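Undergrad: Have a peek at input.txt (compact mmCIF, C-alpha atoms and all ligand atoms).
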# COMPACT_ATOMS: atom_id res chain seq x y z
CA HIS A 32 -115.36 92.68 -126.42
CA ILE A 33 -114.57 94.08 -122.97
CA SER A 34 -117.43 96.21 -121.64
CA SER A 35 -117.11 99.94 -121.05
CA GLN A 36 -118.16 99.23 -117.45
CA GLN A 37 -115.23 96.88 -116.96
CA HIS A 38 -112.76 99.46 -118.34
CA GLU A 39 -114.10 102.18 -116.04
CA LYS A 40 -114.00 99.83 -113.05
CA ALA A 41 -110.50 98.59 -113.81
CA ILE A 42 -109.06 102.13 -113.98
CA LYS A 43 -110.99 103.28 -110.91
CA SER A 44 -109.28 100.45 -109.03
CA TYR A 45 -105.76 101.57 -110.06
CA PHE A 46 -106.40 104.90 -108.31
CA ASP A 47 -108.11 103.06 -105.42
CA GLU A 48 -105.11 100.69 -105.01
CA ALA A 49 -102.70 103.67 -104.97
CA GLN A 50 -104.89 105.06 -102.17
CA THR A 51 -105.33 108.44 -103.86
CA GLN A 52 -107.90 110.49 -105.78
CA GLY A 53 -107.28 111.12 -109.45
CA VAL A 54 -108.50 111.24 -112.99
CA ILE A 55 -107.02 110.32 -116.37
CA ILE A 56 -108.31 112.05 -119.49
CA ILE A 57 -107.75 110.30 -122.77
CA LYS A 58 -108.44 111.93 -126.12
CA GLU A 59 -109.15 109.99 -129.34
CA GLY A 60 -109.60 112.29 -132.30
CA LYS A 61 -111.91 114.97 -130.98
CA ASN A 62 -113.44 112.83 -128.19
CA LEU A 63 -112.44 113.12 -124.50
CA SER A 64 -112.77 110.26 -122.07
CA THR A 65 -112.45 110.62 -118.34
CA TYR A 66 -111.42 107.72 -116.11
CA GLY A 67 -110.41 107.23 -112.49
CA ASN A 68 -111.91 107.50 -109.05
CA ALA A 69 -112.51 111.27 -108.90
CA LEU A 70 -114.01 112.26 -112.21
CA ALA A 71 -114.91 115.79 -111.06
CA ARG A 72 -111.21 116.72 -110.92
CA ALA A 73 -111.33 116.87 -114.77
CA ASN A 74 -112.45 120.53 -114.94
CA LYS A 75 -110.86 121.78 -111.72
CA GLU A 76 -107.73 124.00 -111.73
CA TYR A 77 -104.34 122.94 -110.30
CA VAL A 78 -100.87 124.41 -110.56
CA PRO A 79 -99.10 122.90 -113.58
CA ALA A 80 -95.81 122.22 -111.68
CA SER A 81 -93.05 120.61 -113.82
CA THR A 82 -95.52 120.15 -116.73
CA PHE A 83 -94.95 123.84 -117.38
CA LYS A 84 -91.35 123.00 -118.42
CA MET A 85 -92.75 121.88 -121.81
CA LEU A 86 -94.06 125.38 -122.40
CA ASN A 87 -91.07 127.06 -120.74
CA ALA A 88 -88.86 125.17 -123.23
CA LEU A 89 -91.07 126.21 -126.23
CA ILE A 90 -90.99 129.87 -125.21
CA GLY A 91 -87.24 129.94 -124.44
CA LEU A 92 -86.36 128.26 -127.72
CA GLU A 93 -88.68 130.39 -129.95
CA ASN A 94 -87.31 133.60 -128.54
CA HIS A 95 -83.69 132.48 -128.82
CA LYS A 96 -83.07 132.45 -125.03
CA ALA A 97 -81.36 129.05 -125.47
CA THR A 98 -80.33 126.42 -127.99
CA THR A 99 -80.88 122.66 -127.62
CA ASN A 100 -77.16 121.96 -127.35
CA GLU A 101 -76.35 124.78 -124.90
CA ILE A 102 -74.99 123.58 -121.55
CA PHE A 103 -76.44 125.19 -118.41
CA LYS A 104 -73.56 124.99 -116.00
CA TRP A 105 -74.13 124.04 -112.36
CA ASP A 106 -73.22 127.13 -110.30
CA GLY A 107 -71.86 124.96 -107.47
CA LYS A 108 -74.58 125.83 -104.94
CA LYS A 109 -76.43 122.95 -103.25
CA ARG A 110 -79.54 121.91 -105.14
CA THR A 111 -82.45 119.88 -103.75
CA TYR A 112 -81.04 116.62 -105.32
CA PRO A 113 -77.46 115.46 -106.16
CA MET A 114 -78.59 114.59 -109.72
CA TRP A 115 -79.29 118.30 -110.29
CA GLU A 116 -75.72 119.24 -109.29
CA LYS A 117 -74.30 119.00 -112.78
CA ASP A 118 -74.05 120.72 -116.15
CA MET A 119 -76.96 119.89 -118.45
CA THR A 120 -78.84 120.71 -121.63
CA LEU A 121 -82.56 121.56 -121.70
CA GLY A 122 -83.36 117.98 -122.75
CA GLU A 123 -81.39 116.49 -119.89
CA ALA A 124 -82.99 119.00 -117.51
CA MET A 125 -86.43 117.96 -118.80
CA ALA A 126 -85.75 114.27 -118.06
CA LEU A 127 -84.44 115.16 -114.59
CA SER A 128 -87.13 117.78 -113.97
CA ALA A 129 -84.21 120.08 -113.08
CA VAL A 130 -85.94 123.27 -111.90
CA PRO A 131 -82.74 125.39 -111.48
CA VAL A 132 -82.18 125.18 -115.25
CA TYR A 133 -85.79 126.06 -116.03
CA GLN A 134 -85.70 128.96 -113.60
CA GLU A 135 -82.60 130.22 -115.38
CA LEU A 136 -84.46 129.92 -118.66
CA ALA A 137 -87.52 131.68 -117.17
CA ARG A 138 -85.24 134.57 -116.04
CA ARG A 139 -83.65 134.86 -119.52
CA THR A 140 -87.12 135.16 -121.05
CA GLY A 141 -88.13 137.67 -118.34
CA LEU A 142 -91.57 138.46 -116.91
CA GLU A 143 -93.01 140.64 -119.73
CA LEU A 144 -92.09 138.28 -122.54
CA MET A 145 -93.31 135.31 -120.44
CA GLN A 146 -96.70 136.90 -119.66
CA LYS A 147 -97.09 137.82 -123.33
CA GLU A 148 -96.21 134.29 -124.52
CA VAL A 149 -98.33 132.41 -121.99
CA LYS A 150 -101.31 134.63 -122.98
CA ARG A 151 -100.55 134.03 -126.68
CA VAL A 152 -100.72 130.20 -126.40
CA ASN A 153 -103.64 130.56 -123.97
CA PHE A 154 -102.32 128.11 -121.37
CA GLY A 155 -104.48 127.48 -118.29
CA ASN A 156 -105.87 130.57 -116.56
CA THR A 157 -102.92 132.47 -118.17
CA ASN A 158 -102.06 134.49 -115.01
CA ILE A 159 -98.33 134.30 -114.17
CA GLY A 160 -98.33 137.06 -111.53
CA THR A 161 -95.20 139.11 -110.81
CA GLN A 162 -92.56 136.41 -110.07
CA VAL A 163 -91.11 135.02 -113.34
CA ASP A 164 -89.34 132.14 -111.58
CA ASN A 165 -92.07 130.30 -109.60
CA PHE A 166 -95.57 131.03 -110.97
CA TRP A 167 -95.93 127.45 -112.19
CA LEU A 168 -95.08 125.92 -108.80
CA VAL A 169 -97.13 127.92 -106.27
CA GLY A 170 -99.57 129.90 -108.38
CA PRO A 171 -101.13 132.00 -109.68
CA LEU A 172 -100.92 129.93 -112.91
CA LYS A 173 -103.41 127.03 -112.81
CA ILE A 174 -104.72 124.66 -115.48
CA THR A 175 -107.35 121.88 -115.61
CA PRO A 176 -106.64 118.27 -116.57
CA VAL A 177 -108.89 118.90 -119.65
CA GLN A 178 -106.79 121.90 -120.73
CA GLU A 179 -103.64 119.78 -120.20
CA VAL A 180 -104.75 117.00 -122.64
CA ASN A 181 -105.71 119.68 -125.12
CA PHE A 182 -102.23 121.15 -124.80
CA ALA A 183 -100.68 117.68 -125.18
CA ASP A 184 -102.88 117.12 -128.26
CA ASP A 185 -101.84 120.48 -129.74
CA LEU A 186 -98.14 119.83 -129.14
CA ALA A 187 -98.24 116.25 -130.48
CA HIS A 188 -99.84 117.52 -133.72
CA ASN A 189 -97.67 120.62 -134.04
CA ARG A 190 -100.70 122.93 -133.61
CA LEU A 191 -99.25 125.33 -131.01
CA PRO A 192 -98.36 128.84 -132.27
CA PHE A 193 -94.61 128.07 -132.52
CA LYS A 194 -92.33 127.10 -135.39
CA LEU A 195 -92.63 123.46 -136.43
CA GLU A 196 -88.92 123.05 -135.57
CA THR A 197 -89.37 124.51 -132.06
CA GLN A 198 -92.16 121.96 -131.36
CA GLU A 199 -90.10 119.10 -132.77
CA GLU A 200 -87.12 120.17 -130.60
CA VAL A 201 -89.18 120.01 -127.38
CA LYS A 202 -91.12 116.82 -128.36
CA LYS A 203 -87.78 115.04 -128.76
CA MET A 204 -87.02 115.89 -125.08
CA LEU A 205 -90.14 114.08 -123.86
CA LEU A 206 -89.72 110.42 -124.80
CA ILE A 207 -89.97 108.41 -121.57
CA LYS A 208 -90.93 104.85 -122.62
CA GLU A 209 -91.08 102.36 -125.53
CA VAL A 210 -93.60 99.52 -125.32
CA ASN A 211 -92.87 97.34 -128.42
CA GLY A 212 -93.60 99.73 -131.32
CA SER A 213 -95.49 102.23 -129.12
CA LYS A 214 -93.62 105.32 -127.87
CA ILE A 215 -94.78 107.28 -124.81
CA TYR A 216 -93.95 110.99 -124.75
CA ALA A 217 -94.91 112.66 -121.48
CA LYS A 218 -93.94 115.15 -118.76
CA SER A 219 -94.45 114.42 -115.07
CA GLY A 220 -95.26 117.05 -112.47
CA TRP A 221 -95.53 117.25 -108.68
CA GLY A 222 -96.58 120.44 -106.93
CA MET A 223 -95.14 120.00 -103.43
CA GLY A 224 -95.43 123.64 -102.36
CA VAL A 225 -99.23 123.73 -102.46
CA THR A 226 -102.03 122.06 -100.39
CA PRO A 227 -103.20 119.53 -101.29
CA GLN A 228 -100.20 118.45 -103.40
CA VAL A 229 -100.92 117.68 -107.06
CA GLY A 230 -99.36 115.03 -109.32
CA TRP A 231 -99.43 115.14 -113.13
CA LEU A 232 -98.36 112.98 -115.98
CA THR A 233 -99.25 114.60 -119.30
CA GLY A 234 -98.35 113.46 -122.79
CA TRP A 235 -99.32 111.20 -125.66
CA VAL A 236 -98.75 107.71 -126.97
CA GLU A 237 -97.44 107.53 -130.52
CA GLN A 238 -98.47 104.15 -131.94
CA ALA A 239 -96.53 102.19 -134.62
CA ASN A 240 -99.11 103.10 -137.30
CA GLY A 241 -98.37 106.80 -136.52
CA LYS A 242 -101.61 107.61 -134.64
CA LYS A 243 -101.25 109.83 -131.51
CA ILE A 244 -103.39 109.47 -128.36
CA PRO A 245 -102.98 112.35 -125.83
CA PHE A 246 -103.57 111.80 -122.10
CA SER A 247 -103.35 113.66 -118.83
CA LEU A 248 -103.28 111.99 -115.45
CA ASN A 249 -104.01 114.25 -112.50
CA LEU A 250 -104.05 113.06 -108.93
CA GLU A 251 -103.54 114.11 -105.33
CA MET A 252 -100.05 113.33 -103.91
CA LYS A 253 -99.36 112.69 -100.20
CA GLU A 254 -96.19 112.54 -98.04
CA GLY A 255 -94.44 109.19 -98.46
CA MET A 256 -96.19 108.63 -101.77
CA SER A 257 -93.80 107.46 -104.46
CA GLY A 258 -93.45 109.56 -107.68
CA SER A 259 -93.64 106.54 -109.98
CA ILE A 260 -97.25 105.63 -109.09
CA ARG A 261 -98.18 108.39 -111.54
CA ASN A 262 -96.38 106.30 -114.16
CA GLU A 263 -97.66 102.92 -112.93
CA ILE A 264 -101.29 104.10 -113.00
CA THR A 265 -100.85 105.71 -116.41
CA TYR A 266 -99.27 102.64 -118.05
CA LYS A 267 -101.86 100.30 -116.51
CA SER A 268 -104.71 102.52 -117.79
CA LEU A 269 -103.25 102.91 -121.25
CA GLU A 270 -102.76 99.11 -121.43
CA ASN A 271 -106.23 98.33 -120.01
CA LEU A 272 -107.70 100.40 -122.86
CA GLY A 273 -105.49 98.68 -125.47
CA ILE A 274 -103.80 102.00 -126.31
CA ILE A 275 -100.50 100.29 -125.56
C1 LIG A 301 -91.50 119.34 -110.96
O1 LIG A 301 -92.71 119.51 -110.80
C2 LIG A 301 -90.72 119.62 -109.68
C3 LIG A 301 -90.37 120.85 -109.32
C4 LIG A 301 -89.72 120.80 -108.16
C5 LIG A 301 -89.16 121.81 -107.39
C6 LIG A 301 -88.51 121.52 -106.19
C7 LIG A 301 -87.91 122.70 -105.41
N1 LIG A 301 -87.20 122.36 -104.33
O2 LIG A 301 -88.08 123.86 -105.78
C8 LIG A 301 -88.43 120.20 -105.74
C9 LIG A 301 -89.00 119.16 -106.49
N2 LIG A 301 -89.65 119.46 -107.72
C10 LIG A 301 -90.29 118.71 -108.71
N3 LIG A 301 -90.50 117.39 -108.72
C11 LIG A 301 -89.53 116.41 -109.24
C12 LIG A 301 -88.62 115.97 -108.09
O3 LIG A 301 -87.71 115.14 -108.35
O4 LIG A 301 -88.88 116.45 -106.96
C13 LIG A 301 -90.24 115.17 -109.85
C14 LIG A 301 -90.60 114.09 -108.80
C15 LIG A 301 -89.26 114.58 -110.91
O5 LIG A 301 -89.09 113.15 -111.09
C16 LIG A 301 -88.92 112.92 -112.43
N4 LIG A 301 -89.69 112.00 -113.02
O6 LIG A 301 -88.09 113.59 -113.06
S1 LIG A 301 -91.81 115.66 -110.71
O7 LIG A 301 -92.38 114.48 -111.44
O8 LIG A 301 -91.58 116.76 -111.61
Take the structure in the file and write it out as structure tokens.
TA:
Amino acid sequence: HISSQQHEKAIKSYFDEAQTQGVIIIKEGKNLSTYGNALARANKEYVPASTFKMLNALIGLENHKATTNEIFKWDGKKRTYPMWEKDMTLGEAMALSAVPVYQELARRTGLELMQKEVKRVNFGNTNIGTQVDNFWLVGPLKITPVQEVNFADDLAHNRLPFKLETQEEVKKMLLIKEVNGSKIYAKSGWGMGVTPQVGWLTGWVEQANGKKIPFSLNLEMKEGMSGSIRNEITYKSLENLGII
């Protein structure tokens, strides 16, 4: 009973309130819907930043570079945040967006196997360059918000070219919110070492009836901008649309 015009205007205002430019792609079945205050972003390329961890984890686990219970030990060197200065599993590192662990995993996989695997799943522009430990943070790997929802959709439905158990292992690392019967599985991302900076929140809502609705929020981040606006805007948009 709410007009399409009202939905579009409501979601535009969430991005306007946050004083940024962004888009949120929602996918229902085969149909893509683009909301926000910068709809042209939808098919533009950005570095994936931490959202690459989802694929890093799939690759590492398929190729036996790690197990889900293995503990990556803090080497005792100072890390960007105190929370990263501890021993953690892949799942814990995913929740904390703990790059040092994912760089270690990237190094275990190695450049040649990484380039091969990123080409095989056909992720973004598929170019990882020559540095195995930062291609997802500063380039050359780039991906569009549309490609990100499609990846989220593939993962949520076990359609990626990986074992079913690999995909289940990673999906289980991604639960970030329960909203009475609805479960939100997503990975956030913030590319700080690039201009302009890019923010991501990519995932899907699993509803009580078992239906899965993939999304990808993509916006421009500034200095002094808080990381949880990505979440605030996403939840507000999913709720506005009655998805949660
Ligand atoms: C993830 O994109 C991310 C990578 C890095 C890398 C560095 C570095 N010094 O090399 C610093 C910060 N990074 C990231 N962002 C996280 C962060 O805490 O800075 C991020 C804000 C994580 O917060 C959550 N939700 O875990 S982001 O959303 O990944």
Undergrad: Using only C-alpha atoms, pick whichever of A:275, A:264, A:270, A:214 has the shortest atom-to-atom distance to residue 48 of chain A.
TA: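 Going through A:275, A:264, A:270, A:214 one by one, the smallest distance to residue 48 of chain A is for A:264.
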Undergrad: Find the residues of chain A that sit at most 8 Å from ligand LIG 301 (chain A); for each, write down the nearest two atoms and how far apart they are in Å, to one decimal. Count only C-alpha atoms and all ligand atoms. Sort by chain, then by number going up, and give it as a tab-separated table.
TA:
residue	atom	partner	partner_atom	distance
A:79	CA	A:LIG301	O1	7.7
A:80	CA	A:LIG301	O1	4.2
A:81	CA	A:LIG301	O1	3.2
A:82	CA	A:LIG301	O1	6.6
A:110	CA	A:LIG301	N1	7.7
A:111	CA	A:LIG301	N1	5.4
A:112	CA	A:LIG301	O3	7.5
A:125	CA	A:LIG301	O6	7.4
A:126	CA	A:LIG301	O6	5.6
A:127	CA	A:LIG301	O6	4.3
A:128	CA	A:LIG301	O6	4.4
A:129	CA	A:LIG301	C3	7.3
A:130	CA	A:LIG301	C3	5.7
A:131	CA	A:LIG301	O2	8.0
A:168	CA	A:LIG301	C3	6.9
A:218	CA	A:LIG301	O7	7.5
A:219	CA	A:LIG301	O7	4.2
A:220	CA	A:LIG301	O8	3.8
A:221	CA	A:LIG301	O1	4.2
A:222	CA	A:LIG301	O1	5.6
A:223	CA	A:LIG301	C9	6.9
A:230	CA	A:LIG301	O7	7.3
A:231	CA	A:LIG301	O7	7.3
A:232	CA	A:LIG301	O7	7.7
A:258	CA	A:LIG301	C14	5.5
A:259	CA	A:LIG301	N4	7.4
Undergrad: I need the chosen residues saved as an mmCIF file, in the frame of the given file, with C-alpha atoms.
TA:
data_model
loop_
_atom_site.group_PDB
_atom_site.id
_atom_site.type_symbol
_atom_site.label_atom_id
_atom_site.label_comp_id
_atom_site.auth_asym_id
_atom_site.auth_seq_id
_atom_site.Cartn_x
_atom_site.Cartn_y
_atom_site.Cartn_z
ATOM 1 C CA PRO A 79 -99.100 122.900 -113.580
ATOM 2 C CA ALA A 80 -95.810 122.220 -111.680
ATOM 3 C CA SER A 81 -93.050 120.610 -113.820
ATOM 4 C CA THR A 82 -95.520 120.150 -116.730
ATOM 5 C CA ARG A 110 -79.540 121.910 -105.140
ATOM 6 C CA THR A 111 -82.450 119.880 -103.750
ATOM 7 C CA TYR A 112 -81.040 116.620 -105.320
ATOM 8 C CA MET A 125 -86.430 117.960 -118.800
ATOM 9 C CA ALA A 126 -85.750 114.270 -118.060
ATOM 10 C CA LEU A 127 -84.440 115.160 -114.590
ATOM 11 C CA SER A 128 -87.130 117.780 -113.970
ATOM 12 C CA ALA A 129 -84.210 120.080 -113.080
ATOM 13 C CA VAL A 130 -85.940 123.270 -111.900
ATOM 14 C CA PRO A 131 -82.740 125.390 -111.480
ATOM 15 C CA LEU A 168 -95.080 125.920 -108.800
ATOM 16 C CA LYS A 218 -93.940 115.150 -118.760
ATOM 17 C CA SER A 219 -94.450 114.420 -115.070
ATOM 18 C CA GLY A 220 -95.260 117.050 -112.470
ATOM 19 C CA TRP A 221 -95.530 117.250 -108.680
ATOM 20 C CA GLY A 222 -96.580 120.440 -106.930
ATOM 21 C CA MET A 223 -95.140 120.000 -103.430
ATOM 22 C CA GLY A 230 -99.360 115.030 -109.320
ATOM 23 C CA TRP A 231 -99.430 115.140 -113.130
ATOM 24 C CA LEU A 232 -98.360 112.980 -115.980
ATOM 25 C CA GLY A 258 -93.450 109.560 -107.680
ATOM 26 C CA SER A 259 -93.640 106.540 -109.980
#
Undergrad: Hey, can you check how far atom CA of residue 226 of chain A sits from atom CA of residue 155 of chain A?
TA: 18.9 Å
Undergrad: Nearest residue to residue 265 of chain A out of A:243, A:109, A:32, A:43, using only C-alpha atoms?
TA: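 Nearest to residue 265 of chain A: A:43.
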Undergrad: Within 12 Å of (-107.9, 101.7, -107.5) (coordinates as in the file), grab all the protein and nucleic acid residues, counting only C-alpha atoms, and write them out as a list in words.
TA: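 Every polymer residue passing the test: residues 39, 40, 41, 42, 43, 44, 45, 46, 47, 48, 49, 50, 51, 52, 53, 54, 66, 67, 68, 69, 260, 263, 264, 267 and 268 of chain A.
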Undergrad: Which distance in Å separates atom CA of residue 120 of chain A and atom CA of residue 198 of chain A, to one decimal?
TA: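 So the two atoms, atom CA of residue 120 of chain A and atom CA of residue 198 of chain A, lie 16.5 Å apart.
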Undergrad: Reconstruct N, CA, C and O atoms of segment 180-191 of chain A from the incomplete input and present them as a PDB file, keeping the file's coordinate frame.
TA:
ATOM      1  N   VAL A 180    -104.668 117.898-121.461  1.00  0.00           N
ATOM      2  CA  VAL A 180    -104.750 117.000-122.640  1.00  0.00           C
ATOM      3  C   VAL A 180    -104.838 117.768-123.923  1.00  0.00           C
ATOM      4  O   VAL A 180    -104.289 117.327-124.921  1.00  0.00           O
ATOM      5  N   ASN A 181    -105.572 118.875-123.917  1.00  0.00           N
ATOM      6  CA  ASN A 181    -105.710 119.680-125.120  1.00  0.00           C
ATOM      7  C   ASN A 181    -104.362 120.267-125.532  1.00  0.00           C
ATOM      8  O   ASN A 181    -104.010 120.277-126.717  1.00  0.00           O
ATOM      9  N   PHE A 182    -103.582 120.704-124.545  1.00  0.00           N
ATOM     10  CA  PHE A 182    -102.230 121.150-124.800  1.00  0.00           C
ATOM     11  C   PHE A 182    -101.358 120.009-125.321  1.00  0.00           C
ATOM     12  O   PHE A 182    -100.591 120.207-126.249  1.00  0.00           O
ATOM     13  N   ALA A 183    -101.467 118.825-124.725  1.00  0.00           N
ATOM     14  CA  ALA A 183    -100.680 117.680-125.180  1.00  0.00           C
ATOM     15  C   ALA A 183    -101.034 117.331-126.626  1.00  0.00           C
ATOM     16  O   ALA A 183    -100.150 117.049-127.436  1.00  0.00           O
ATOM     17  N   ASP A 184    -102.333 117.363-126.929  1.00  0.00           N
ATOM     18  CA  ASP A 184    -102.880 117.120-128.260  1.00  0.00           C
ATOM     19  C   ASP A 184    -102.346 118.148-129.258  1.00  0.00           C
ATOM     20  O   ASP A 184    -101.875 117.783-130.331  1.00  0.00           O
ATOM     21  N   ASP A 185    -102.415 119.432-128.904  1.00  0.00           N
ATOM     22  CA  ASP A 185    -101.840 120.480-129.740  1.00  0.00           C
ATOM     23  C   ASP A 185    -100.355 120.249-130.028  1.00  0.00           C
ATOM     24  O   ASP A 185     -99.942 120.242-131.181  1.00  0.00           O
ATOM     25  N   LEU A 186     -99.563 120.046-128.979  1.00  0.00           N
ATOM     26  CA  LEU A 186     -98.140 119.830-129.140  1.00  0.00           C
ATOM     27  C   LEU A 186     -97.833 118.601-130.000  1.00  0.00           C
ATOM     28  O   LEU A 186     -96.989 118.680-130.889  1.00  0.00           O
ATOM     29  N   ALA A 187     -98.512 117.482-129.748  1.00  0.00           N
ATOM     30  CA  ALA A 187     -98.240 116.250-130.480  1.00  0.00           C
ATOM     31  C   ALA A 187     -98.523 116.384-131.987  1.00  0.00           C
ATOM     32  O   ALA A 187     -97.943 115.653-132.809  1.00  0.00           O
ATOM     33  N   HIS A 188     -99.417 117.314-132.337  1.00  0.00           N
ATOM     34  CA  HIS A 188     -99.840 117.520-133.720  1.00  0.00           C
ATOM     35  C   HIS A 188     -99.280 118.829-134.276  1.00  0.00           C
ATOM     36  O   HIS A 188     -99.760 119.347-135.292  1.00  0.00           O
ATOM     37  N   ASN A 189     -98.291 119.383-133.594  1.00  0.00           N
ATOM     38  CA  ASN A 189     -97.670 120.620-134.040  1.00  0.00           C
ATOM     39  C   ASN A 189     -98.631 121.804-134.241  1.00  0.00           C
ATOM     40  O   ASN A 189     -98.369 122.675-135.068  1.00  0.00           O
ATOM     41  N   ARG A 190     -99.704 121.865-133.453  1.00  0.00           N
ATOM     42  CA  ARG A 190    -100.700 122.930-133.610  1.00  0.00           C
ATOM     43  C   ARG A 190    -100.497 124.164-132.736  1.00  0.00           C
ATOM     44  O   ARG A 190    -101.255 125.132-132.851  1.00  0.00           O
ATOM     45  N   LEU A 191     -99.506 124.146-131.850  1.00  0.00           N
ATOM     46  CA  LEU A 191     -99.250 125.330-131.010  1.00  0.00           C
ATOM     47  C   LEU A 191     -98.669 126.477-131.850  1.00  0.00           C
ATOM     48  O   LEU A 191     -98.023 126.231-132.877  1.00  0.00           O
TER      49      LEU A 191
END
